[PDB]
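A short write-up of the structure that comes next.
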Amino acid sequence: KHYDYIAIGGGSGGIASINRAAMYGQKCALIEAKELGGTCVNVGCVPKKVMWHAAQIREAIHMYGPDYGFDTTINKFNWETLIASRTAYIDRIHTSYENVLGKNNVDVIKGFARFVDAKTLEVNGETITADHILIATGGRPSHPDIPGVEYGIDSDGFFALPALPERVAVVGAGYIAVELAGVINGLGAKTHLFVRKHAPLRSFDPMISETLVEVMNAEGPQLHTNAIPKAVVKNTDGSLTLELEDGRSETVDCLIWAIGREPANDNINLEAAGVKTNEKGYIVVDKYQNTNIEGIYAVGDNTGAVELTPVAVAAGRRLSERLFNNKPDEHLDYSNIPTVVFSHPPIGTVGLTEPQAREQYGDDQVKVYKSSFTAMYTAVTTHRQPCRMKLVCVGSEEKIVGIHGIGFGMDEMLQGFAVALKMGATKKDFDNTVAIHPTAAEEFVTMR
Amino acid sequence: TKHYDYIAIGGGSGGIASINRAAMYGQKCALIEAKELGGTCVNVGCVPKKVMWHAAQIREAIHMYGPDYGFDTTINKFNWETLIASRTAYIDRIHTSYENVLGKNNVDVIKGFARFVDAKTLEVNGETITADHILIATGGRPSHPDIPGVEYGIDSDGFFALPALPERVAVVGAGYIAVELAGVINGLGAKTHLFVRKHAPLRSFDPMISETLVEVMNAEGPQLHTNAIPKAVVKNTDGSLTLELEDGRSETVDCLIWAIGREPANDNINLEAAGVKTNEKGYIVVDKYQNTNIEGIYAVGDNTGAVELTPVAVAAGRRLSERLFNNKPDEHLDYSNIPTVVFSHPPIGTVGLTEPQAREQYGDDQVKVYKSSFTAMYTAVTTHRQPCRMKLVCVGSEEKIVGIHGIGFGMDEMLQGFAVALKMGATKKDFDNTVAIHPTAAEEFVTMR
Ligand SMILES: Cc1cc2nc3c(=O)[nH]c(=O)nc-3n(C[C@H](O)[C@H](O)[C@H](O)COP(=O)(O)OP(=O)(O)OC[C@H]3O[C@@H](n4cnc5c(N)ncnc54)[C@H](O)[C@@H]3O)c2cc1C
Ligand SMILES: Cc1cc2nc3c(=O)[nH]c(=O)nc-3n(C[C@H](O)[C@H](O)[C@H](O)COP(=O)(O)OP(=O)(O)OC[C@H]3O[C@@H](n4cnc5c(N)ncnc54)[C@H](O)[C@@H]3O)c2cc1C
Ligand SMILES: NC(=O)c1ccc[n+]([C@@H]2O[C@H](COP(=O)([O-])OP(=O)(O)OC[C@H]3O[C@@H](n4cnc5c(N)ncnc54)[C@H](OP(=O)(O)O)[C@@H]3O)[C@@H](O)[C@H]2O)c1
Ligand SMILES: NC(=O)c1ccc[n+]([C@@H]2O[C@H](COP(=O)([O-])OP(=O)(O)OC[C@H]3O[C@@H](n4cnc5c(N)ncnc54)[C@H](OP(=O)(O)O)[C@@H]3O)[C@@H](O)[C@H]2O)c1
């Protein structure tokens, strides 16, 4: 069959790009092997946030609630009810996505696709061809090459757990490790986080990882630093012992690898299309998402860019705008992309860290504003939690180049401040907006 | 007679902020407060109100959402005395740090009701004190209806002194405080009733907000009674009160809260002697720079009839001390586009014009509205799903954003940044060019279609 545009992968980039293109008169087909929505709807963003919410509820009941007057008994935590509720929600999401593509006249082909040549793909026996092909195949979890690695599960295995384990070890030191560790500890399991060096999120502003370690030390997960995994030993009773290179070891009932992800560009026969990947397996793309072959583009996690659903969506829309809506210089700007980590407490960050700004502009040009305070929600309890916020400003005008914060509210408050950052806000612009009281967000417009 | 360079009457929000900024620049100051430092905000407003909103968030987490996330929970006892004790200890620690800052700033705090003897002289506790500049930041107080039985009702100060949570509560009113108190008492488990005189509460807010707020009320409390004009409150033999309404309906409850407005506390300080003019409602009349008609007397805050928010008092007070004492002759607060959050259920966030106001002011042909409605994710996996509804109001070819309105979980915290953007003159294009943050409720304003 012949289509004007085919996207391989019904994850964030594929779906976004094919719907914008179907809007401009194009005949499109989306191909997906597993479920619509990709990592984000199925084993990523949506199910992670439901599980963050379950943890926040258990913490209100068990940690904070007592000091607010509530003497409560959790009679039963039914893991089955929670997973049946998250699954029903995701099934409603699948049906919505189906309806949108249907409205758009996109032909959805369920099956695994592989290249025959630069303009042809084989899917379920059938051959389909198109003048433009988007590869948006995403990624998959990495696993250390050590003895016993197959005893651990990864973040996809986390979403399939039949019950909450008593003792869990999470290995890794980036976003996924920090969030899964935080959720699982929040839901009651004895939780350990093993990181290789001094702290998790070592690339984030120093304030953020220094504060996360503080919270961890007060309320869990138990953090272990300088921890290089050597081997996992399954024991007689069925538990696992993670052995570390320095001699330390820990026995758990479950071990989750959260050590990075890797592109899923391999069994699709790129060689036949002539598309080049780099040393790490990512499809190499330019500014405009073009591969080296004319007529083939890539967006998303499979290109090595920052792995976030909104980046994949925005690059994918702009791509269909360039191609099918005659906007030749249209493309995504990958700087000042806002991030929120759903840790305990949430992290919100956009723009440069203070080390980055002091390297790029020099100490003499950088002015930093910091605020540290107890989140009000916790201030009336014996489990008080810091909130810490930082503005990084450059030049006499104190143009704002990075906004960082960690504490309750960082999740919802960051977006509007990113718009502001994008417009070129200065300290004065923040300062001349009237605060909203009582909120945490108002601390960014009243820093002194 | 001691003479000061600056004296504030009122140690609430405008008074503490203006006096501290003045002391920073070398002025010898005195703050006069008749009751407790921090005023309405710290003691019977902002701070205890949010502590009580969090306690409602917690009971609703245990009782309403918890079950569908699999937590089978039993509240063995809800101890009101513990909650009130933690709330009070937090307000005492706040009194202590204000005294700490005023003390570092060498401000003389005098405790007592002050009254003007003439334009430059004040009497407080038998002593006469004089100053070159005087700030009147006296605030306001609850208004009460003029109907038989009014004294059986309490108001918002009384709500913060309740010795226990009543089983049946009536809240009468349709503003911020009635919507807040009524959703808190309802969230805390009491059979709650809201009585409004016309068709909906918050009738001055964008219609989408009052419309959605009624939807939620009908689905999960408080029980809302529209077209309700109070006629009388009967104290009954068994202790309960019966609110009777003009059209004949009545309701028996154990506690009734008047939340019908506030009025300025400008009347007992002998303004006549100083010569200060007030308006027909009793507010002190001020210009753009917080000046009264008497040279060297200024007022900020709720006693001026400007929008009654703690940050507006604080910002006008701080900027007034910049103008008088730090050489910025044109320093003044711009009262437009001031952001508000109502801590209702769900929160409301709003800034700029409503859709009716933008269509009146710019004409229908110039106004473009974007809307978005979804279920809040926290609730979408439960059998108690709540809407989130968001609106952007734009004008002209450029689609300059003149209003941002929303009601839904996350509106309390997400609004501050967007208000900085509106202030900067953002258009829809600028919102659309920022990369969303997923999964949040906030991202909806940058992906609106
Ligand atoms: C645990 C976890 C948490 C995350 N949380 C967040 C978060 O809260 N916020 C955030 O912004 N980001 C989050 N992310 C990242 C986010 O999920 C990704 O950045 C995003 O999904 C990338 O979109 P994509 O289109 O590149 O790939 P994906 O969504 O991974 O989609 C790729 C799709 O292609 C399909 N496919 C692959 N090859 C073929 C083929 N040859 N034929 C047919 N079908 C094929 C796959 O089945 C899959 O559905 C998270 C990731 C993980 C794993
Ligand atoms: C229930 C409730 C909830 C609220 N919630 C919020 C909210 O969340 N966010 C928000 O921004 N706003 C809120 N507000 C409004 C806010 O509290 C007021 O806008 C704010 O406190 C006004 O500050 P002010 O300095 O004008 O006066 P006030 O805080 O009222 O203080 C004036 C002070 O003057 C003192 N006084 C009066 N006359 C004299 C005298 N002659 N001599 C000496 N002392 C005197 C009084 O004792 C008082 O301490 C709320 C109000 C209420 C009642
Ligand atoms: N809410 C969100 O925005 C969100 C949430 C989750 C994921 N995502 C995205 O998905 C991307 C990939 O996720 P990820 O967190 O798995 O990868 P990641 O961010 O690259 O973090 C993995 C980290 O684990 C450590 N590590 C690597 N090998 C290790 C090993 N052998 N043993 C122990 N530790 C090892 C490294 O840190 P050290 O060098 O310090 O050891 C590495 O930086 C993220 O970068 C993010 O963009 C987004
Ligand atoms: N979010 C915040 O920052 C916050 C929170 C709380 C309070 N505050 C401030 O404090 C101020 C005062 O709040 P408020 O709620 O007390 O007053 P309000 O906002 O003026 O609202 C009271 C409403 O009560 C109704 N009403 C008046 N007389 C009535 C009567 N006799 N019987 C029944 N209903 C009657 C009127 O609405 P109808 O005409 O529709 O009946 C009136 O608009 C607010 O304006 C606000 O600025 C701020």
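Per Swiss-Prot, chain A residues shown: 3-450, in order.
Just so you know, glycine gets a Cβ as well, placed from its N, Cα and C.
Annotation source Swiss-Prot lists glutathione binding site at A:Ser14, A:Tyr99, A:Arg319. According to Swiss-Prot, the feature FAD binding site maps to A:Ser14, A:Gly15, A:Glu34, A:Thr41, A:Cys42, A:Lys50, A:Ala115, A:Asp303, A:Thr311, A:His439. The feature disulfide bond is assigned by Swiss-Prot to A:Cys42-A:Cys47, with experimental evidence given as support. What Swiss-Prot records for A:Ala175, A:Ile178, A:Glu181, A:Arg198, A:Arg204, A:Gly262, A:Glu309, A:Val342 is NADP(+) binding site, and it gives experimental evidence as the kind of evidence. According to Swiss-Prot, the active site, proton acceptor annotation covers A:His439, on the basis of similarity to another entry.
Checked against ligand 1, the binding-site residues A:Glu181, A:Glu309, A:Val342 give A:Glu309 in sequence order as having a Cβ less than 6 Å away from one of its atoms. DSSP gives A:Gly262 (NADP(+) binding site) a coil state; it is part of no helix or strand. Here the recorded positions are A:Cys47, A:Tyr99, A:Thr311, A:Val342, A:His439, and the ones sitting under 8 angstroms from chain B, going by CB atoms, are A:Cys47, A:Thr311, A:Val342, A:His439.
In this structure, the binding-site residues A:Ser14, A:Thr311 were compared by how many other Cβ atoms lie within 10 Å of their Cβ, and the smallest count belongs to A:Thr311. In this view, the densest Cβ surroundings among the recorded positions A:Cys47, A:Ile178 belong to A:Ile178, judged by other Cβ atoms lying within 10 Å. Cβ contacts within 10 Å of A:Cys42 (FAD binding site), excluding its own Cβ and spanning all protein chains shown: 24.
Using A:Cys42 (FAD binding site) as the reference Cα, a 10 A cut-off selects A:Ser14 from the recorded positions A:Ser14, A:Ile178, A:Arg198, A:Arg319, A:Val342, A:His439. For A:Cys47 (disulfide bond), the spatially nearest entry among the binding-site residues A:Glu34, A:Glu309, A:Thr311 is A:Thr311, judged by CA separation. Annotation for A:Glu34 (FAD binding site): same-chain Cβ neighbours under 8 Å, separated by at least 6 residues, are A:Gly11, A:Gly12, A:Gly16, A:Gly40, A:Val110, A:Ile111, A:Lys112. A separation of roughly 40 Å, to the nearest angstrom, links the Cα atoms of the residue listed as 'active site, proton acceptor' and A:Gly262 (NADP(+) binding site).
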